[PDB]
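Before any comments, here is the structure.
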Amino acid sequence: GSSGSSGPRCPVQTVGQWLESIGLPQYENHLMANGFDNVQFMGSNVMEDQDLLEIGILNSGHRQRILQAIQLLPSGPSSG
Numbered sequence: 002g003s004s005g006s007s008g009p010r011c012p013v014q015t016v017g018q019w020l021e022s023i024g025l026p027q028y029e030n031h032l033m034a035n036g037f038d039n040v041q042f043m044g045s046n047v048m049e050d051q052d053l054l055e056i057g058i059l060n061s062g063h064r065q066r067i068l069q070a071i072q073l074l075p076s077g078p079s080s081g
């Protein structure tokens, strides 16, 4: 293979469907309540193990589960 470019063109997912994947839909209003309507932003320097505890989610077993999901999300530059 070996493909070096900057045009993946993939289907953008949303926080809602995203949570449904990990298996924690209960946290659908949580993030949305903490002004977290950005899926692309997640995975860099926001929504960490600590941020998950501040938003309200205290469940450790779930906190970590989310950390991984966010780490898998697409990461990139944010300039507007």
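According to my numbering, the sequence shown holds residues 2 to 81 in order.
A virtual CB, placed ideally from N, CA and C, is assigned to each residue, including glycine.
- If you look at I23, you'll find it in the alpha helix (DSSP H) that goes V16 to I23.
- By the 16-neighbour rule on beta-carbons within 10 angstroms, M33 is exposed.
- Residues of the same chain with a CB within less than 6 Å of the CB of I56, apart from the 5 flanking positions on each side, are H31 and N35 in chain order.
- Linking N39 to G77 through their CA atoms gives a straight-line distance of about 13 Å.
- Cβ-Cβ separation between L20 and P12: approximately 17 Å, too far for a contact (criterion under 8 Å).
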